[PDB]
Structures are given as structure tokens and as C-alpha cells.
């Protein structure tokens, strides 16, 4: 990665085995649970497209997913080559070339070319652009790998309400709805899908009750 710490200077450094090992373990244990993505984002801060490839490529298993993730990266590379066509010309001595889709994705560029683009002024953040493509790819996978439809999350007859809500908002997180639409499934589905005893208690509350108020209500 590249972050500014060598005094005032901003020097490149080798991806940390601890960062790698961290990312591989999270993927092994958690299997594209939604929280994996924020973890990916946080382990890959200031990551070069090489670094990103290292993290993705050291995942053994979930290869179905990693293939899907390749397909997505290709789609976002194609769309980039359509939007930014390279005007083929000999490189002026003081400049470097414009990066193609495949160059951002780290497939056709060198670490030198990648450090070039990111540390150039104005910046060409090939790291952060490729990251954007990957994350878009993971989101699709997370939505895919979410086991149950939100419709199917129903509070059991003996199940604590706090447990039911915990599943409900977990499911929702995976089946990625914007936190406007998550806040709007609150006063609708969550109630409709509660068990009979606790549904009655939640209807009796009236509208516009907070999540605190609903969970306090069904505590028994």
C-alpha cells in the first residue's frame, strides 16, 4: 500500500502478512456475510491494484464466487474502456500513458506503473478505482449468498423478539436495501412478521414507534 508516514514523505510498502492472514481468515470463517465487505475495505486502505489482487488471489475456496467476482471486474473494465478511449501516441518524456480497464485491474500494468498513477499530480487513484469494482462484485455475491429471503424471516412462537429482530436486520443487511429502505421495512414487515402475541403488542403501540420502543414493548 501507500500511506504518508516516512516523516512527511509518502512511501510504498509491502502488503503485511498479518493483513493478508487477517483477510484470508475472515473469508474462511464468515463466507461473504455482509460484515466481510467493510473488513475488505479496511484491510485494503491505500492498496495498489497488485495488493488487491494478492488479497483476492490468496483466497482458496469460494472459487465459484471468485469467478463471479472476475466476471463483474471484466464488466466494469469494459465500461471504463468505452468511457475512456486511449488515443494511441508516443509517450511525451515527462508524462505516463492513460490506464486501460485491464491496467487498473492490475492484470496488464506493473507495480511501478501503479505507483506512478497514484503518486502523480493530479492523482489517478487506480487503487481506489479497482477497489470500487471489487466491492460492487462482492455486494452481488453477498446478496447471492444470503440464505433466507426477508419475507421468510418470521418470529418463532417461543423465540425472544430481540433474537427475531437480530435475524431480521441481518437478512436485510445481506439483501442489500439502502438504510432509508431498512428504516422503512421497520414499521411494516418487522411487525407483520412478529409472532401473534408480540404483533398485537406492536400494533397497540401505534405508528412511528422507534426500534427501542418496539423491543422494550416485546421484552416479555
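Positions refer to the first chain, counted from 1.
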- Message: Which is higher on mean Cα B factor in this entry, 151-159 or 27-35?
- Response: 151-159
- Comparing mean C-alpha B factor in the record for 196-204 and 8-16, the higher one is 8-16
- Message: Out of 134, 91, 105, 142, whose C-alpha atom has the biggest B factor in the entry?
- Response: 91
- Options 63, 188, 179, 171 - largest CA temperature factor per the record: 179
- Message: Per the entry's values, where does residue 183 land by CA temperature factor relative to the rest of its chain, in the lowest, middle or highest third?
- Response: highest
- Task: Comparing against every modelled residue in the chain, figure out the third that the C-alpha B-factor of residue 218 lands in (lowest, middle or highest).
- Result: middle
- Message: Please place residue 47 in the lowest, middle or highest third of its chain according to the CA B-factor in the PDB entry.
- Response: highest
